[PDB]
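Structure first, commentary second.
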Amino acid sequence: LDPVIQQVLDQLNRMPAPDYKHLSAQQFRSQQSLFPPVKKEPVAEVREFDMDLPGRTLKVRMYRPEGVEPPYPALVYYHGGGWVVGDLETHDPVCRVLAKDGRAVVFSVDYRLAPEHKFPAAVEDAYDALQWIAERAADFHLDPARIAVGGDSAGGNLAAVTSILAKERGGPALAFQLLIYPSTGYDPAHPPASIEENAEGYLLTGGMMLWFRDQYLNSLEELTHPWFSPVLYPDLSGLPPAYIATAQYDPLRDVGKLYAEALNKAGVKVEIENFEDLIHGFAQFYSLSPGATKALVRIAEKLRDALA
């Protein structure tokens with residue numbers, strides 16, 4: 001286990017174990033704490049504006065890197081945070097790396113967070129967002145055939161699910177899926193080993209996964225709805241080829257593996273790598289941990305090839 005990630009787990013695992021029974025979303029958000037300033041790689045331009053969508057307006061932050069000419073290969077990105085926390089700044093550095101090392105224009109979408117907007121506001125936001133952007137490939141000098149989707153954790157979930165809607169509705173063409181330790185689901189009655197294995201002490205805990213699933217979902221029945229567990233979708237076949245990264249000490253390790261294992265079955269090209277010395281959410285320790293820094297770049301490179 002990485003040395004910097006260790007001090008974070010030690011110092012963290014000290015404070016009192018949280019009481020998710022009374023813990024509030026306002027309080028977890030206001031509880032922003034853990035993640036000192038981090039390095040922001042540079043890019044040619046950064047543009048933040050509003051996507052005006054029916055019923056609601058969403059903020060977007062576009063990232064163009066240096067040394068890349070139109071029409072540009074892109075990436076519509078969805079930040080992680082349990083469908084509850086996170087915004088355009090918390091993941092601003094991660095997006096900068098994917099943009100710099102991935103050689104693509106990155107559009108980080110500021111979707112509606114729960115509990116305020118329950119499932120499925122996030123999913124509809126993810127899909128409508130991609131469409132709003134693809135409809136205007138010409139206005140952003142985009143190569144319509146090289147537009148990918150990606151995300152970390154809950155953001156990874158949204159990307160998998162958006163891939164599926166796009167397939168039902170015949171487009172827009174998604175060239176690729178970049179899923180970083182994504183929450184793609186499973187059958188709660190028969191949960192993978194990593195769930196029990198890495199239940200505690202590794203940042204993302206079992207009690208935290210439950211709290212998220214609580215603030216986000218409306219009913220128990222929703223636990224097996226495809227839009228929440230894309231892994232339980234009928235025909236995974238014909239979906240965009242993908243790259244899936246997982247972490248050794250992540251309760252969601254086998255969940256992503258399970259998704260890799262499923263797309264393969266429906267005959268979809270997929271590559272999955274497990275980073276042996278990292279935990280869930282490592283991309284946010286870029287420039288802080290020597291292991292996370294290497295992994296994120298490695299991940300941004302796979303994007304570069306895939307979209308090449």
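Chain identifiers are assigned as A, B, and so on, following the order in which chains appear in the structure tokens; residues are numbered from 1 within each chain, and ligands are numbered from 1 in order of appearance.
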
For this session: Tell me which protein, DNA and RNA residues are within 7 Å of range 156-166 of chain A, counting only C-alpha atoms, leaving out same-chain ones fewer than 6 positions away, and put them as a list in words.
Result: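 Using only C-alpha atoms, the neighbours found are residues 78, 123, 126, 127, 149, 150, 172, 177, 179, 180, 182, 183, 184, 227, 230, 239 and 240 of chain A.
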
Exercise. Which residues come within 9 Å of range 108-116 of chain A, counting only C-alpha atoms, excluding same-chain residues fewer than 6 positions away, as number ranges by chain?
Worked result: A: 25, 58-63, 75-79, 82-88, 91-92, 95, 122-123, 125-126, 129-130, 212, 214-217

Go ahead and save the residues from that selection, with N, CA and C atoms, as a JSON list (two decimals), in the first residue's frame.
```json
[["chain", "number", "residue", "atom", "x", "y", "z"],
["A", 25, "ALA", "N", -26.79, 15.04, 4.48],
["A", 25, "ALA", "CA", -26.12, 15.36, 3.22],
["A", 25, "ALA", "C", -25.49, 16.74, 3.25],
["A", 58, "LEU", "N", -27.74, 23.17, -16.39],
["A", 58, "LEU", "CA", -26.52, 22.57, -15.82],
["A", 58, "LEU", "C", -25.20, 23.26, -16.20],
["A", 59, "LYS", "N", -24.34, 23.45, -15.21],
["A", 59, "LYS", "CA", -23.03, 24.06, -15.48],
["A", 59, "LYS", "C", -22.07, 23.04, -16.11],
["A", 60, "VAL", "N", -21.31, 23.49, -17.09],
["A", 60, "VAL", "CA", -20.30, 22.64, -17.71],
["A", 60, "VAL", "C", -18.96, 23.38, -17.73],
["A", 61, "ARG", "N", -17.88, 22.62, -17.60],
["A", 61, "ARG", "CA", -16.55, 23.19, -17.65],
["A", 61, "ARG", "C", -15.77, 22.43, -18.72],
["A", 62, "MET", "N", -15.44, 23.12, -19.81],
["A", 62, "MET", "CA", -14.70, 22.50, -20.90],
["A", 62, "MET", "C", -13.19, 22.71, -20.80],
["A", 63, "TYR", "N", -12.43, 21.65, -21.10],
["A", 63, "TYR", "CA", -10.98, 21.68, -21.03],
["A", 63, "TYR", "C", -10.31, 21.34, -22.36],
["A", 75, "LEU", "N", -14.31, 14.05, -24.60],
["A", 75, "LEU", "CA", -14.71, 13.22, -23.48],
["A", 75, "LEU", "C", -15.70, 13.94, -22.59],
["A", 76, "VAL", "N", -16.92, 13.43, -22.54],
["A", 76, "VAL", "CA", -17.94, 14.00, -21.68],
["A", 76, "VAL", "C", -17.75, 13.22, -20.37],
["A", 77, "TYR", "N", -17.32, 13.96, -19.35],
["A", 77, "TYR", "CA", -17.00, 13.41, -18.03],
["A", 77, "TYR", "C", -18.03, 13.68, -16.90],
["A", 78, "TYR", "N", -18.19, 12.69, -16.03],
["A", 78, "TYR", "CA", -19.10, 12.73, -14.89],
["A", 78, "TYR", "C", -18.33, 12.43, -13.62],
["A", 79, "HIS", "N", -18.22, 13.42, -12.75],
["A", 79, "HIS", "CA", -17.46, 13.29, -11.50],
["A", 79, "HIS", "C", -18.10, 12.31, -10.54],
["A", 82, "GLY", "N", -20.79, 9.54, -4.96],
["A", 82, "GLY", "CA", -21.97, 8.84, -4.45],
["A", 82, "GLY", "C", -23.32, 9.40, -4.88],
["A", 83, "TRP", "N", -23.33, 10.14, -5.99],
["A", 83, "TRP", "CA", -24.55, 10.76, -6.53],
["A", 83, "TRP", "C", -25.03, 11.79, -5.52],
["A", 84, "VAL", "N", -24.20, 12.06, -4.52],
["A", 84, "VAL", "CA", -24.51, 12.99, -3.45],
["A", 84, "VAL", "C", -23.56, 14.19, -3.39],
["A", 85, "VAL", "N", -22.26, 13.95, -3.27],
["A", 85, "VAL", "CA", -21.32, 15.06, -3.21],
["A", 85, "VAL", "C", -20.52, 15.28, -4.52],
["A", 86, "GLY", "N", -19.53, 16.17, -4.47],
["A", 86, "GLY", "CA", -18.70, 16.47, -5.63],
["A", 86, "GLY", "C", -19.28, 17.52, -6.55],
["A", 87, "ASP", "N", -18.41, 18.26, -7.23],
["A", 87, "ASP", "CA", -18.80, 19.30, -8.19],
["A", 87, "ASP", "C", -17.68, 19.51, -9.22],
["A", 88, "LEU", "N", -17.77, 20.60, -10.00],
["A", 88, "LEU", "CA", -16.79, 20.87, -11.05],
["A", 88, "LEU", "C", -15.37, 21.25, -10.59],
["A", 91, "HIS", "N", -13.13, 17.90, -9.03],
["A", 91, "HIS", "CA", -12.55, 17.01, -10.03],
["A", 91, "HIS", "C", -11.85, 17.76, -11.16],
["A", 92, "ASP", "N", -11.73, 19.08, -11.01],
["A", 92, "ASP", "CA", -11.05, 19.96, -11.97],
["A", 92, "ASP", "C", -9.61, 19.47, -12.32],
["A", 95, "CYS", "N", -9.70, 16.09, -14.39],
["A", 95, "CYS", "CA", -10.08, 16.41, -15.77],
["A", 95, "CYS", "C", -8.93, 17.04, -16.53],
["A", 122, "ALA", "N", -29.86, 12.20, -12.00],
["A", 122, "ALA", "CA", -28.47, 12.10, -12.43],
["A", 122, "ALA", "C", -28.31, 11.42, -13.78],
["A", 123, "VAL", "N", -28.98, 10.30, -13.97],
["A", 123, "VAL", "CA", -28.87, 9.57, -15.22],
["A", 123, "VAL", "C", -29.42, 10.38, -16.40],
["A", 125, "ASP", "N", -29.62, 13.53, -16.54],
["A", 125, "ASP", "CA", -28.70, 14.64, -16.71],
["A", 125, "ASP", "C", -27.50, 14.15, -17.53],
["A", 126, "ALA", "N", -26.96, 12.99, -17.16],
["A", 126, "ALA", "CA", -25.81, 12.47, -17.88],
["A", 126, "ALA", "C", -26.11, 12.31, -19.36],
["A", 129, "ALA", "N", -27.01, 15.66, -21.21],
["A", 129, "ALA", "CA", -25.76, 16.42, -21.30],
["A", 129, "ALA", "C", -24.94, 16.01, -22.52],
["A", 130, "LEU", "N", -24.67, 14.71, -22.62],
["A", 130, "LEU", "CA", -23.93, 14.18, -23.74],
["A", 130, "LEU", "C", -24.57, 14.66, -25.04],
["A", 212, "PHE", "N", -25.07, 6.22, 0.77],
["A", 212, "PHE", "CA", -25.18, 6.74, -0.62],
["A", 212, "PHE", "C", -26.40, 6.17, -1.28],
["A", 214, "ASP", "N", -28.90, 5.18, 0.05],
["A", 214, "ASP", "CA", -30.06, 5.75, 0.72],
["A", 214, "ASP", "C", -30.46, 7.15, 0.30],
["A", 215, "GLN", "N", -29.48, 8.04, 0.19],
["A", 215, "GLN", "CA", -29.75, 9.41, -0.22],
["A", 215, "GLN", "C", -30.18, 9.48, -1.68],
["A", 216, "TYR", "N", -29.61, 8.58, -2.47],
["A", 216, "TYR", "CA", -29.87, 8.52, -3.90],
["A", 216, "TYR", "C", -31.16, 7.84, -4.37],
["A", 217, "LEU", "N", -31.43, 6.63, -3.88],
["A", 217, "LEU", "CA", -32.60, 5.88, -4.33],
["A", 217, "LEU", "C", -33.93, 6.10, -3.60]]
```

For this session: Considering only C-alpha atoms, return as a PyMOL selection string whatever protein or nucleic-acid residues lie within 12 Å of residue 299 in chain A, sequence-local ones (same chain, fewer than 4 positions apart) excluded.
Result: chain A and resi 94-95+97-102+150-152+177-181+242-246+271-275+282-283+286+292-295+303-306

Exercise. Which is closer to residue 250 in chain A than all the others in A:10, A:276, A:128, A:301, using only C-alpha atoms?
Worked result: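 Closest to residue 250 in chain A of all the choices is A:276.
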
For this session: Mind the document's chain letters and residue numbers, and return as an NGL selection string the residues of range 122-231 of chain A that DSSP labels helix (DSSP H, G or I).
Result: :A and (122-134 or 137-140 or 154-168 or 193-197 or 206-216 or 220-224 or 230-231)

For this session: One decimal, Å: what's the distance from CA of residue 189 in chain A over to CA of residue 241 in chain A, could you say?
Result: 28.8 Å

Exercise. Given the choices A:199, A:185, A:248, A:69, which gets closest to residue 225 in chain A if the distance is worked out from only C-alpha atoms?
Worked result: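 Checking each of A:199, A:185, A:248, A:69 against residue 225 in chain A, counting only C-alpha atoms, the winner is A:185.
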
Exercise. Which residues in range 115-235 of chain A does DSSP call strand (DSSP E or B)? List them as a list in words.
Worked result: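 In range 115-235 of chain A, DSSP puts these residues in strand (DSSP E or B): residues 142, 143, 144, 145, 146, 147, 148, 149, 150, 151, 152, 177, 178, 179 and 180 of chain A.
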
Exercise. Of the candidates A:120, A:37, A:73, A:207, which one gets nearest to residue 285 in chain A if we count only C-alpha atoms?
Worked result: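 Using only C-alpha atoms, residue 285 in chain A sits closest to A:37.
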
Exercise. So, counting only C-alpha atoms, which residue among A:132, A:202, A:119, A:35 is closest to residue 223 in chain A?
Worked result: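 Nearest to residue 223 in chain A: A:119.
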
Exercise. When you draw a straight line from CA of residue 237 in chain A to CA of residue 74 in chain A, how long is it in Å?
Worked result: 23.5 Å
